[PDB]
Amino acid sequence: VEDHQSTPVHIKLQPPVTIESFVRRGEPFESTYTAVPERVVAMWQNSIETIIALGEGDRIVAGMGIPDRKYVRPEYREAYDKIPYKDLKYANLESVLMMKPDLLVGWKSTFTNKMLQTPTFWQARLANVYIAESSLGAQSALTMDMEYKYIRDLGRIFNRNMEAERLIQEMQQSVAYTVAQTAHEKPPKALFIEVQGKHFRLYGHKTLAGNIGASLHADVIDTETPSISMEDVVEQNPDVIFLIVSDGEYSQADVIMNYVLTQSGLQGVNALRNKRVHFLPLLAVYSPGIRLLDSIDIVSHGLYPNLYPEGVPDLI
């Protein structure tokens, strides 16, 4: 399965890197790294693609949870393909023990006795654990800031600080550019929803998608309900609708879009009249790590079509 004839170069971290992460909201733990990890088990898209984006894809032994290479950014696909273990049937404690990771990167739910075990467990095996802060739960507002720190932390762990800062700066400069070029204009009114059956799952101010809208100076709609009625959508009347789509539901994309467009109550809504309804991949707006760049582009391009005449990017 692995290529055992090629092993990552030993890179010492002097001085040692101390990182703060959390097992739960408000429950921090500290980890100290004296060397760049050589054998990483990475759970879910943000873990996998962020480490790849930093240039350290070769250090990943397992990168599990992406359904297919097509979901990975084109420029990261080659590195993705080299990862020895990808199949979720390896995402169990017994298989991960066999792999002998020295760093495990995942979500809050990844590191309990129901799954891959706690930081305390792994620290006794001389490994470290890093947990995405944006995976700690919906009770706290999820922000772009959490994603930046996430990228920055991984940058410190892998001695890729320069690469991390460049990536972060690209995103920050992009947001700030957009807001500055349009400050004299009326802020667009945006709606972020995911379609689940015949219902509109709402993403409001406490979600990252909401925060991306707010960061970009949009007027983000939020009725503070797990769902928004077609009736409330008519009243709120967004200039632009973002349709959030999860990964398994890519195959239903055209059916989703057609359900939203070819409606009755919705036909009067500005976003529909002016054909401003765009797909927004969940993987870019829910603990996305490096893929936050994709959502910034889609949202800024959809919010401000006059600033970005080239159009809103498509993802499958």
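All residue numbers are counted from 1 along the displayed sequence.
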Comparing 273 to 281 with 255 to 263, the one whose average Cα B-factor in the PDB entry is higher: 255 to 263
Of 29 to 37 and 49 to 57, the stretch whose C-alpha atoms average the higher B-factor in the entry: 29 to 37
Per the PDB entry, maximal CA B factor within 238, 84, 210, 74: 238
Highest-ranked of 191, 234, 115, 214 once sorted by CA temperature factor in the record: 234
Among modelled residues of the same chain, the CA temperature factor third for residue 222: highest
CA B-factor placement of residue 134, once the chain's modelled residues are sorted into thirds: lowest
CA B-factor placement of residue 196, once the chain's modelled residues are sorted into thirds: highest
Residue 299 by Cα B-factor - lowest, middle or highest third of the modelled chain: lowest
Residue 184 by Cα B-factor - lowest, middle or highest third of the modelled chain: highest
